[PDB]
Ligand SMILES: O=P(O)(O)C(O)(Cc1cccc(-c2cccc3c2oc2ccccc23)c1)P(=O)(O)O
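Here we start with a single chain on its own, the form solved without the named molecule, put down as structure tokens.
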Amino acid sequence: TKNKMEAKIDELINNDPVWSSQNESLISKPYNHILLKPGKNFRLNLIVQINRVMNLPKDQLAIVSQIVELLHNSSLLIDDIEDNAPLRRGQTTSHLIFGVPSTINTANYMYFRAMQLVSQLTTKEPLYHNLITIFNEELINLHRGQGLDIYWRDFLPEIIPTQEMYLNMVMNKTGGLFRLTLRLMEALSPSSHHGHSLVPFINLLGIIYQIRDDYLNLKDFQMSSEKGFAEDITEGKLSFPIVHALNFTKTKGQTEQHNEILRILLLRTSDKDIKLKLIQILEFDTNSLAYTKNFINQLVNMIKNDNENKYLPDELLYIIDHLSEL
């Protein structure tokens, strides 16, 4: 009917868009799948410990936590598509089960659900503005560092990053979410003057976290063809040890080794022997693994020897030792 048609259309356009709980569940599949991954208690533990200094009431702390989890999980769903990763914590990656399209859309949807939860942290307009700014700033930083990490890898050998370039990329990429969490808590703290800001400390933790992630991905494989897959090699990633090896070989004039490192990265290979060959070049030829192990210990020592509490404000050590499960 021309009349019934028009009446139904009129009703449609005069109401909010219709969305059912059934709809909500269908599009949530990729997210529900990655929730089966653990490590959630470790992240919560770091938030709970920082809260000994910030004192956010429990209800508010739970919301900060929900925001953090959504952003962290969304980042991993996108990152696995970006890295072409087959597994995440021993399980099949969501994009391989539900497809790349649904996974990208669900991860992006969850970023906006996280943004929505921010307005539940306060009713004070000045504070709210500040919270959304922190959220906006650090997601911008995360995307900038992720953008460089990806560009270096996909356009190699166009740019061979230096250690400093790598470190600035990580301050953006990994620091983004650490700082996002910490800044929200500091903005919300009802506590008078809980001492100097912990941003430097959280930046340091983000850097130790990333470099250790890079280091263990190779070391675990070197120690066992089944402890890890050294998937970072398959991905062609300009990891901390690889950056050291590429610059070391350049510097010492090891032309053949420089080029062979690049060649293997460019193969995107899953061959275990070829991955082990590159790892042993880093072990014996460039000593990049030892150099990295020592760099990490030095970073950790800047905290463990922080007597004048210039970074620190106990549980510290445990968190640092389990930094890999964040």
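Note that residue numbering begins at 1 and tracks the sequence as displayed.
Below, we refer to the form solved in complex with the named molecule, which is not included among the displayed structures.
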Quiz item: Heavy atoms within 4.5 Å of the named molecule in the bound PDB entry: which of the stretches 259 to 267, 278 to 286, 291 to 299, 32 to 40 has them?
Solution: 32 to 40
Quiz item: How about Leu218: is it within 4.5 Å of the named molecule in the bound PDB entry, going by heavy atoms?
Solution: no
Quiz item: At the 4.5 Å heavy atom threshold, is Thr249 in contact with the named molecule in the bound PDB entry?
Solution: no
Quiz item: in the bound PDB entry, does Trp152 have a heavy atom within 4.5 Å of the named molecule?
Solution: no
Practice problem: Decide whether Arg88 counts as a contact residue for the named molecule in the bound PDB entry under a heavy atom distance cut-off of 4.5 Å. | Solution: yes
Exercise. Taking 4.5 Å between heavy atoms as the contact cutoff, choose which of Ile134, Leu121, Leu142, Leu204 touches the named molecule in the bound PDB entry.
Key: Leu142
Quiz item: Can you pick the one in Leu177, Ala230, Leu188, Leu148 that has a heavy atom within 4.5 Å of the named molecule in the bound PDB entry?
Solution: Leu177
Quiz item: Who in 206 to 222 is close to the named molecule in the bound PDB entry, meaning a heavy atom within 4.5 Å?
Solution: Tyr209, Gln210, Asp213
